[PDB]
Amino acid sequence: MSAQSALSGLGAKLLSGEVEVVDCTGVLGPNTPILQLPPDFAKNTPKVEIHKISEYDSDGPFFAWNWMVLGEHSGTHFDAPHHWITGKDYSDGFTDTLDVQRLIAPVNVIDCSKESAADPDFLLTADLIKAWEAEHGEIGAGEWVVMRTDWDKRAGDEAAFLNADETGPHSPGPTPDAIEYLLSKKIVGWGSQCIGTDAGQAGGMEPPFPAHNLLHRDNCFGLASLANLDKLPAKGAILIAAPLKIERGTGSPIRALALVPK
């Protein structure tokens, strides 16, 4: 029941496989889907590039390695509060100044996959979250909450992943009141399997991009392009979602990992 026993126990169960590490990360490379914004509205974050330095050749006889062109907000990634104007004044709101204690926490996995398959603009509401809590247990302070949509099935095709038509991107997300409600429970942050933490059509919500707006307003975090949420239980897993320690970073690609039973 001591912390040391918990950690030794974790170590043993990892070796035996009784605790499994789930990879919640998509592949990071040139094909990784990247956010597209209207050019008149904002500059785009760049597509990922991987450049060879050497691979056991005359440029590097005994070793292989690469360098990258890499936006902070690329692939499975982390949003720090400085990312949004509402979080701009937190001195601790950068990837290098935030509290790493907050990064590893129990995760609440809200399965919206059937609803999102039927309607790509599916919105998770405060009422639906409360019904989820009624069934699974209350969402608690410091916990991660992630919206499972199985949108990662589309990640091999950027067009399919952004899912845009004449009126813009169509991908599921939260309502402003859903995020407001989660924040009232003092969550650490909110995660999506889509290109961002907000619905594709959030550009037209009040406020616009409410997850971004409200999370970062409250010094909380966002996660995007999460994979393999279908391998997690609704309750009980621990999510590890840690940004690179980028100097004054607004966000970071991550290796999101989850600990799950069995």
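A residue's number is simply how far along the shown sequence it sits, counting from 1.
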Comparing 232-240 with 196-204, which stretch shows the greater average C-alpha B-factor in the deposited entry?
196-204
Look up the CA B-factors in the entry and say which stretch, 46-54 or 212-220, has the higher mean.
46-54
For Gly29, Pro38, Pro33, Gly26, the deposited C-alpha B-factor is largest at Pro38
Top residue by Cα temperature factor, when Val100, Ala105, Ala117, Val146 are compared in the entry:
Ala117
Among the modelled residues of this chain, does the Cα B factor of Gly168 put it in the lowest, middle or highest third?
middle
Place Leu7 in the lowest, middle or highest third of its chain's C-alpha B-factors, as listed in the PDB entry.
middle
Report the third (lowest, middle or highest) to which the CA temperature factor of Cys112 belongs, ranking only the modelled residues of the same chain.
middle
Please say which third, lowest, middle or highest, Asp79 falls into when its CA temperature factor is compared across its chain.
lowest
Record-listed C-alpha B factor of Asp92: chain third
middle
